[PDB]
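>>> This one's a deposited entry, sequence included:
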Amino acid sequence: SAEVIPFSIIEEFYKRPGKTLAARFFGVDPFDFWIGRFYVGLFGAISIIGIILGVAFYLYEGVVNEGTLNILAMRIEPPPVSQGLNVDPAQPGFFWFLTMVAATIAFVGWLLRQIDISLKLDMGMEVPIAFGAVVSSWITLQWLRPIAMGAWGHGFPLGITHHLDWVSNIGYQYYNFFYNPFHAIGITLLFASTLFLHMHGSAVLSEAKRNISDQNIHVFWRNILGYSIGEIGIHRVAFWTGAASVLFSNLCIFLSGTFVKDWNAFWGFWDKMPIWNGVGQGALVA
Amino acid sequence: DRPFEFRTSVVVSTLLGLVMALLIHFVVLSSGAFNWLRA
Amino acid sequence: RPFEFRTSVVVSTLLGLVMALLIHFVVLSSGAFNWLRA
Amino acid sequence: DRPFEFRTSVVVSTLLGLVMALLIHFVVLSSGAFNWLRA
Amino acid sequence: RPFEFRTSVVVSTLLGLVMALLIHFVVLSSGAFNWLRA
Amino acid sequence: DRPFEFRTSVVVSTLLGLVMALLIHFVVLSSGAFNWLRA
Amino acid sequence: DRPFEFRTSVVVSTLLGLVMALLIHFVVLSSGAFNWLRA
Amino acid sequence: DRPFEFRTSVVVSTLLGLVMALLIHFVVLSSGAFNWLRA
Amino acid sequence: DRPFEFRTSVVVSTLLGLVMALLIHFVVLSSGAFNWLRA
Amino acid sequence: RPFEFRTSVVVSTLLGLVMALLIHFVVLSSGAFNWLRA
Amino acid sequence: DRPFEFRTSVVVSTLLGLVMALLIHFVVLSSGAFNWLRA
Amino acid sequence: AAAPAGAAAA
Amino acid sequence: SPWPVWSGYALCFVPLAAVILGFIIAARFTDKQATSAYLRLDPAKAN
Amino acid sequence: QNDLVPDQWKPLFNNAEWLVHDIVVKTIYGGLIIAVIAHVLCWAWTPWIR
Amino acid sequence: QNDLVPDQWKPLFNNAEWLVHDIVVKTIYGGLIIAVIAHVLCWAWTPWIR
Amino acid sequence: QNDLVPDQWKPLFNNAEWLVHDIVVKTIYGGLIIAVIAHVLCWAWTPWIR
Amino acid sequence: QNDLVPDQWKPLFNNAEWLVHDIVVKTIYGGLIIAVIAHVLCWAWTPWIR
Amino acid sequence: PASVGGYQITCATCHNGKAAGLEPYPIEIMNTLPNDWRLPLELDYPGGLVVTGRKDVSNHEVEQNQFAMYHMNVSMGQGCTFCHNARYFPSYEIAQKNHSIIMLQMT
Amino acid sequence: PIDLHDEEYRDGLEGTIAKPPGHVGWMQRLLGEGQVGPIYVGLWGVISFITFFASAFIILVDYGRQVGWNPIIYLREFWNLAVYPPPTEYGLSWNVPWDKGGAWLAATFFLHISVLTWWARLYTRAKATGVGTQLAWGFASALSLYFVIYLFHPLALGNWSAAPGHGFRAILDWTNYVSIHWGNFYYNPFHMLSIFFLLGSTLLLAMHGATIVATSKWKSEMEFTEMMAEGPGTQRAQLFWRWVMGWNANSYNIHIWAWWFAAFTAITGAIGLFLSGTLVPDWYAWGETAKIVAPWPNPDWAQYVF
Amino acid sequence: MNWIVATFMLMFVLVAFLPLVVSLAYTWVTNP
Ligand code: BCL
Ligand code: BCL
Ligand code: BCL
Ligand code: BCL
Ligand code: BCL
Ligand SMILES: CC[C@H]1c2cc3[nH]c4c(c3C)C(=O)[C@H](C(=O)OC)c4c3nc(cc4[nH]c(cc(n2)[C@@H]1C)c(C(C)=O)c4C)[C@@H](C)[C@@H]3CCC(=O)OC/C=C(\C)CCC[C@H](C)CCC[C@H](C)CCCC(C)C
Ligand SMILES: CCCCCC/C=C/CCCCCCCCCC(=O)O[C@H](COC(=O)CCCCCCCCCCCCCCC)COP(=O)(O)OC[C@@H](O)CO
Ligand SMILES: CCCCCC/C=C\CCCCCCCCCC(=O)O[C@H](COC(=O)CCCCCCCCCCCCCCC)COP(=O)(O)OC[C@@H](O)CO
Ligand code: HEC
Ligand SMILES: CCCCCCCCO[C@@H]1[C@@H](O)[C@H](O)[C@@H](CO)O[C@H]1O
Ligand SMILES: CCCCCCCCO[C@@H]1[C@@H](O)[C@H](O)[C@@H](CO)O[C@H]1O
Ligand SMILES: [Ca+2]
Ligand SMILES: [Mn+2]
């Protein structure tokens, strides 16, 4: 049945050549091999090029062109909104654009490399989906919303404590950001994800090294809540909630500057619906 | 066999009728066309 | 034996295409030539 | 047995050379010291 | 047989289509031709 | 056997040297003490 | 049986020395006490 | 069997001493009580 | 057997003593009642 | 056995305690009696 | 078997007494009716 | 003897 | 003076160093446990 | 094992742990002496209690 | 396999890797010559150390 | 296994680690000499304790 | 295998590792020579200690 | 300052084409506020609606501040950042805050 | 010696209700399990129920009083109704009118009792079956922040109005006001630590769920039997994350990462919130003195104006 | 606001929802 295997045999059993995306498009993968523990393929080279160039451009824009060695006092900022969607090598915001493009290339390469490694091991495509959700979050924050608004100066600056200034000013320009419905849905899903993670961790740890059967945890979760979900159901719920949390919060930030200007004036319709308008008295009107 | 059950149709019809009655009463009360419950 | 003609063809073609696109974009963005100018 | 393979060495050196060439060309272009590609 | 003619046909066709779309988008959204608005 | 392999030493030394070279070039260029890359 | 291995001692001591050297250089540079890299 | 290992004692004492030394040096440096590293 | 183990007693007492020492130092030194480390 | 004595005891005791606390809170907030007044 | 357990009643009564003592002390001493711990 | 959870059950 | 206040080290920098060092050490030990020899089903027969 | 250790500390130390312990205690003694000297010098420079 | 690799480099190289290595080193020498010429031309244009 | 190690330190080293240890201690001695020289020169330049 | 290595360093090196080691150390020496020359030139241009 | 335009107050201001029946605080501008709130004009400005760092103040005063601040940003057609840098509300680095102090004193 | 059938099908106070279990089809199709009930109703479970419903009754009846006992206005205004703690003129006093803070006091006391009794329920029901007590201590870590928000921070500040109102919109208003009052909360370092751990928890939950579903063809989700011998699914998951990141974990210690990442969030948040008003009355100024604020001398404000 | 570019970008934001919906549909279909 089971015996002691030293994990060298399990790694050497599953290594196969040529089952990736580039191997299916070109007929061969140019970089199909392993360096150390990592699998290098195509999209494993594009990603590393982007990573190196992005780090170099970020540090050059920070240390030079600003003259500060304090890492927590840099402002790697885009061009002003008066420049439109133009890029000029001779104007401020050029090293922000270079860094942004390199980071985009790195993230998309990471996603495609995950798809490759899923294909090699005959797995499903859940991890690329879950990572593509947050990659699309980055894309809408830095590409779609600036293009729709009309300038590259609508993206956020890449400073460590200074990108939190952009968040604050954008959230108070469209006051009140708490009253955004998609914002509320995203916050609800974040809190639920943390609660579910704590619950699953506790549940699996509480039964680990014990002379008990595998049905004790079902009785535990049915005595307390009346309902026990199952073993694949909890992991499915984890996956779905994690992805949806950011999928819903893309919409709030996109619609903040394009279709809406005020999240307090959004709710002005509620008291004007014919079912309950004109039923109160003074200070209880509307 | 049957597409729908009698129980489901009864539940749906009763719920819809109650909701519509309440909605129409609320709209007519707040419209102000009739005297009805005036101070 | 670790070097095959097809893989090198793929790599060189990809690199050349990406370099050409990059140089075109940078030269267009510089504004030094009266090319596609309003 | 040799420590490193020849293919790995070629790949790493080519990557480093390309990255350094791109970095230096982009720094020198925007430094403003040379009268190159000026509007 | 290292190279399959079908693979080269597919790859070149897709590359040509992508390049046509990219060049159309780049030319149309410029100071000249101004999205044909004139 | 032996504490470290040869290839790990080579990798660590080369990476550290390259990172330090880049860092020192950036710091010296940002300091402004030399008339190096000025318009 | 010895408590610690030679590899762990080497790694810990080397990393500690490098980190301390970098930190002390950064602090002494940012203090402004010495002339050093003034413009 | 002894309550504690020698390795644990060494790790705990060394880590605590290093943290405390760094904290005390940085607390004394920024107080301004001593003429140390002053411009 | 004994209600508690020697190791548990040592751990609890040592952590309590260290935390209490740090807390009392912070409370006493930040009140401004004593002339310590002042410029 | 339909009715259990333990359930009746627990429910009655808890209901009485909750009622006593609520009535004390309401009477204190009313301000009608002097009680803990300044 | 046993309709009532001594241990459960002990736990419940002790906790109720402690909670009541804390609440009554808070309510009485935060009202200002008694001259207790006045600056 | 050696188990995935760090235990060594006979 | 160019130096942060003592609260800057107490509340900001020491916790950051602790977080980074703890992440590194926890990763080291979890990867050490994961890749050891223990009971596994034989990949040849199982697949 | 348990050969060079004294008879009193046999149930607590090994052959290698004893040597490492000797190294550690010597380090601590030297550091303590240096710390005492440094504190005396800094008090002579600027007394911090006034 | 390695029958035209020199005896000194037998443990490290192969028959095809030797030819590829020759091509690479010739590429590097040509690139270095071109780079030296380019640097001399750029310095003659505008010196960057003043 | 451990032939070059002196008899006192046999329970702690094997002869493939004694050599690396010797290299490390020589490096540390050279670094300490250079550090002392650097500190003396820097103090002669500007004293950091006033 | 372990026959071109000197007798002292046999427990640590192979033939291939010995050859690569020689290449690496010669590279380091050449780079150090270049670095010394560069530092002397930069000091002659503009001293960085005043 | 002259940068604002040098506009004047005339009869059409405060009236907008009506003799009587003028309605400050109409029901349209009370969307998220209680429909009896009014501007706290019995305080002193600057200093009447300052809350940051004060230990003699709590969430009741912060709510009273926020009602007035939403009125101000609804009556301008702008967001909170017409007059503030939202990373520090005490900051006076926008000129509209000084203009608003003068206009609070005037009203 | 634990009889699971007796634990799930017993009568009396120390027993279960809803004894004939139900069944929901769409839960069976999506989540893989559809049985509902029975649920344990022993002691420590009636007390939570009764005290929670006492507090809820108080809150809803006060909503009705505020509206004027008008059901239509009640329905219209339900999501912006609240009961607020006594204002700042009162300190921590309890002699407050019912429509000015007494209702909040009563309801909050009952809520405290209910959450404590729920912790006791979790603990005792974990011990009654054969499992350990890890959910109870996670709930304790969660309750630390709850008691800081509702009991201890107002106590240290000196007024009850430092606590949130009971309403759908009132929690958002409390968050906004508490951030505004004490400088800027973005420059609170323990708020940074809390956000680190919260986003890490969401990332880790998504990663674990996705990688277990992706390898579920070989029954990798049976994590109880995978901690005795690991089969093809767990081997594939380990290999995937090793070839991606260079390191991986077990089917055992990944849930340790989960527990501790979810636990640290509430502890760091509680420490930060408690320090917020009592030691550092202004976080932006503190961050300026601590050298973590960027200069920003010439902002481009045309972005922030319509 | 152009209202044509904005709606294309909104369409992209909505299309980003698709793999999760497909995952739910696949789970539903494959578990009869
Ligand atoms: C980018 C790196 C390239 C590479 C580029 C080159 C180049 C270029 C050369 C070689 C040379 C060699 N390479 Mg090779 N080589 C690579 C990968 C390999 C691999 C492998 C498995 O990966 C192996 C086994 C080798 C093996 C070899 C040897 C066969 C050969 C002899 C080295 C030598 O001359 O010793 C001596 C070793 C030294 C390091 C001496 C060099 C001195 C240093 C570098 C000083 C810096 C130069 C400076 C400007 C001079 C002034 C400094 C002072 C004033 C003196 N190469 C990778 C792919 N290789 C050499 C050759 O083929 O000779 C005909 C050669 O010129
Ligand atoms: C931490 C960095 C290095 C390392 C750095 C050094 C350096 C440098 C030296 C040694 C030396 C030794 N190291 Mg070592 N050593 C390391 C790792 C190890 C490991 C291991 C398996 O990890 C072991 C078993 C050893 C063991 C040894 C011994 C073989 C050898 C002599 C012990 C000694 O100094 O006695 C006596 C023990 C003491 C602690 C002396 C006391 C001095 C201390 C430092 C106090 C400082 C205050 C002041 C300067 C002097 C005051 C005197 C006191 C009052 C006594 N090292 C790591 C990798 N090691 C020494 C050596 O080889 O010389 C013969 C030596 O110089
Ligand atoms: C005098 C000015 C302040 C004051 C400031 C302080 C400060 C500051 C401290 C105390 C501490 C104490 N104070 Mg007091 N204290 C004051 C007034 C009081 C009053 C009172 C009614 O007025 C009381 C009852 C106390 C009571 C106390 C005790 C709780 C405690 C001393 C006993 C103890 O457990 O430490 C005895 C200590 C031990 C038993 C631990 C042994 C220490 C070991 C040896 C570690 C030494 C460190 C060493 C450098 C490490 C080197 C190791 C290397 C390997 C060589 N203080 C006034 C207001 N107080 C101390 C404390 O530790 O709280 C728990 C503390 O730090
Ligand atoms: C005052 C400011 C001065 C200046 C004064 C200095 C001084 C002083 C020095 C330099 C040095 C350098 N400067 Mg300068 N420098 C200036 C301006 C420049 C500019 C520019 C465009 O302005 C550039 C391009 C450079 C470039 C250089 C490099 C030639 C050199 C650093 C090499 C290095 O990074 O080694 C680090 C790299 C490594 C450690 C690894 C790379 C080596 C190996 C051979 C890589 C190939 C192996 C391959 C990857 C395979 C590995 C095998 C396994 C697979 C891993 N300088 C100006 C005008 N410069 C330094 C030097 O002389 O070095 C020789 C030096 O001392
Ligand atoms: C203008 C808004 C301010 C802001 C002001 C505040 C304030 C004020 C606080 C936070 C706090 C937090 N902020 Mg903030 N925050 C800002 C912007 C952000 C941003 C962002 C992208 O901009 C993020 C990611 C966050 C993130 C966070 C969280 C990390 C943290 C709360 C998490 C938590 O554990 O709650 C989960 C909640 C709990 C664990 C407690 C309540 C739950 C208990 C267990 C309830 C159970 C019993 C209950 C009654 C059951 C009955 C129900 C029945 C089932 C029916 N903030 C800006 C700066 N933020 C809080 C914190 O702790 O940090 C210091 C906090 O107090
Ligand atoms: C969808 C729900 C959540 C989630 C899940 C998610 N994230 C994931 C995954 C999944 C399923 C992975 O499989 C993946 C992973 O672990 O692969 C190793 C990953 C990952 N998510 C990561 C981070 C991350 N995820 C985050 C959030 C979330 N991820 C969610 C809330 C966050 C934030 C801010 O909330 C960050 C920081 C990485 C650990 C990893 C992706 C690794 C990667 O993309 O590598 C490429 C690049 C580098 C390793 C270096 C980049 C260097 C830059 C080019 C230079 C700097 C430029 C940059 C723009 C500056 C930014 C500075 C900031 C201060 C603004
Ligand atoms: C305010 C911020 C504070 C930050 C503090 C961070 C804390 C860091 C400490 C991390 C824990 C180090 C553990 C050292 C000891 C573990 C030994 C070990 O290897 O433990 C193994 C499992 O550990 C394992 O998963 C490895 C350890 C557990 C997995 C990781 C647990 C941490 C999860 C997150 C918590 C913080 C980490 C990230 C912080 C940002 C089990 O093996 P055994 O069968 O018992 O082995 C028996 C023998 O072979 C000798 O042990
Ligand atoms: C946000 C900041 C920027 C992002 C930084 C990203 C970089 C690093 C993050 C952490 C990377 C390490 C992750 C785990 C460590 C690897 C584990 C390991 O040890 O793997 C090694 C693989 O690394 C190898 O080759 C080497 C693999 C390559 C390492 C170097 C990659 C550098 C990437 C560029 C970094 C930016 C440079 C910018 C310049 C300014 C080899 O190990 P072995 O001895 O063969 O193992 C023994 C056996 O069990 C398996 O063989
Ligand atoms: C804002 C400060 C105002 C300025 C500027 C002017 N008027 Fe006005 N006026 C203002 C108010 C709030 C009112 C009362 C509104 C109401 O419903 O009663 C008035 C009233 C008048 C009236 C009397 C109207 C009536 O009794 O029916 C007159 C005749 C009048 N105001 C004239 C007037 C003129 C000529 C102005 C320009 C010089 C002018 N007002 C400016 C507020 C303000
Ligand atoms: C992949 C998307 C690349 C960026 C798309 C934007 C095309 C840039 O084209 C821009 C126009 O969009 C813009 O209207 C004017 C000035 O604003 O200048 C042009 O260059
Ligand atoms: C268990 C909770 C601790 C109890 C702390 C009691 C704090 C009492 O603090 C009270 C104030 O709350 C009160 O407003 C004034 C009235 O003059 O007098 C003080 O003593
Ligand atoms: Ca209103
Ligand atoms: Mn799991």
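Okay, I see it. Numbering: from 1, shown residues only, chains lettered A, B, ... in the order given. Ligands and ions are numbered 1, 2, ... in the order given.

>>> residues contacting the residue of chain T found nearest ligand 7?
As assessed by C-beta to the nearest ligand atom, ligand 7 sits closest to residue T:20 within chain T, at 27.9 Å. Using the backbone N, CA and C atoms, a C-beta is placed for each residue, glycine as well. By C-beta atoms under 8 Å, 6 or more residues apart in numbering or on different chains, residue T:20 lies in contact with A:129, A:133, A:240, A:243-244, A:247.

>>> Residue A:54 now?
With the criterion set at C-beta under 8 Å, 6+ apart, residue A:54 makes contact with A:99, A:102-103, A:106.

>>> Tell me the buried residues in whichever strand or helix holds residue S:74?
Element membership for residue S:74, per DSSP states H and E: helix S:71-76. Within helix S:71-76, the residues that count as buried by 16 or more other C-beta atoms under 10 Å in any protein chain shown are S:73-74, S:76.

>>> Helices of chain N, residue ranges please.
Residue ranges of the helices in chain N, as given by DSSP state H, are N:15-45.

>>> Tally up the residues packed near the residue in it positioned nearest to chain F, please.
Closest to chain F within chain N is residue N:16: 16.9 Å, counting by C-beta to the nearest C-beta. Using other C-beta atoms under 10 Å in any protein chain shown, residue N:16 is surrounded by 19 other residues.

>>> Doesn't the residue of chain T closest to ligand 7 lie inside a helix?
Yes - assessed with DSSP: H, G, I helix; E, B strand; the rest coil, residue T:20 lies in a helix.

>>> if I look at it, how far off is ligand 3?
Distance, residue T:20 to ligand 3, using C-beta to the nearest ligand atom, to the nearest Å: 55 Å.

>>> quick check: longest helix of chain M.
Ranking each helix of chain M by length (DSSP H) puts helix M:14-34 first.

>>> name the helices or strands packed onto that one?
Counting contacts by 3 or more C-beta pairs under 8 Å, 6 or more residues apart in numbering or on different chains; DSSP states H and E, helix M:14-34 is packed against helix S:189-214.

>>> Now the helix it packs on: buried residues?
Within helix S:189-214, the residues scored as buried using 16+ other C-beta under 10 Å are S:189-198, S:200-214.

>>> Equivalent analysis for stretch R:10-22, please.
For stretch R:10-22, using 16+ other C-beta under 10 Å, no residue counts as buried.

>>> Provide a list of residues in contact with the residue of chain R found nearest ligand 1.
Nearest to ligand 1, among the residues of chain R, is residue R:87, at 49.3 Å (C-beta to the nearest ligand atom). Applying C-beta under 8 Å, 6+ apart to residue R:87 gives the contacts A:164-165, A:168-169, S:184, S:186, S:284.

>>> Select from those residues every entry located in helices.
Using DSSP H, those in helices are A:164-165, A:168-169, S:284.

>>> element containing the most centrally placed residue in chain R?
With distances taken as C-alpha atoms, centre = their mean, residue R:72 lies nearest the centre of chain R, 3.5 Å away. When elements are assigned from DSSP H and E, residue R:72 belongs to helix R:59-74.

>>> anything in that helix near ligand 5?
No - Helix R:59-74 lies out of reach of ligand 5 by C-beta under 6 Å from any ligand atom, never closer than 10.9 Å.

>>> give me the element residue 9 is part of.
In the absence of a named chain, this looks at chain A. helix A:8-13.

>>> Chain T was what I was after
Using DSSP H and E, residue T:9 falls in helix T:5-15.

>>> I figured the residue of chain N closest to chain F hits residue G:1, correct?
Yes - with contact defined as C-beta atoms under 8 Å, residue N:16 reaches residue G:1; the gap is 6.7 Å.

>>> any idea how far residue A:103 is from the nearest residue to residue A:98 once chain neighbours are set aside?
Nearest-residue entry for residue A:98: residue A:57, 4.7 Å, with adjacent residues in sequence omitted and distances by C-beta to C-beta, 6 or more residues apart in numbering or on different chains. Distance of residue A:57 to residue A:103, given as C-beta to C-beta, to the nearest Å: 9 Å.

>>> same deal with residue S:99?
Distance of residue S:99 to residue A:103, computed by C-beta to C-beta: 56 Å.

>>> what does residue N:41 give?
52 Å.

>>> With residue A:26 instead?
27 Å.

>>> try residue A:72
Counting by C-beta to C-beta, the gap from residue A:72 to residue A:103 is 20 Å.

>>> which ones are touching whatever residue of chain S ends up closest to chain K?
Nearest residue of chain S to chain K: residue S:92, at 4.5 Å (C-beta to the nearest C-beta). Residues in contact with residue S:92, defined by C-beta under 8 Å, 6+ apart, are K:26, K:30, S:154-155, S:158-160.

>>> Pretty sure residue R:15 sits against residue R:23.
No - the pair formed by residue R:15 and residue R:23 falls short of the contact definition of C-beta under 8 Å, at 11.3 Å.

>>> Output stretch A:9-17 in PDB with nothing but the alpha carbons.
Output of stretch A:9-17 as PDB, limited to C-alpha atoms (Å, rounded to 0.1, in the frame of the first residue of the first chain):
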ATOM      1  CA  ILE A   9      11.500   9.500  -7.000                       C
ATOM      2  CA  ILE A  10       8.300  11.500  -6.900                       C
ATOM      3  CA  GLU A  11       9.900  14.500  -8.600                       C
ATOM      4  CA  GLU A  12      11.700  12.400 -11.200                       C
ATOM      5  CA  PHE A  13       8.600  10.400 -12.000                       C
ATOM      6  CA  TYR A  14       6.500  13.300 -13.100                       C
ATOM      7  CA  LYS A  15       9.000  15.200 -15.300                       C
ATOM      8  CA  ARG A  16       7.900  15.100 -18.900                       C
ATOM      9  CA  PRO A  17       9.000  17.100 -22.000                       C
END
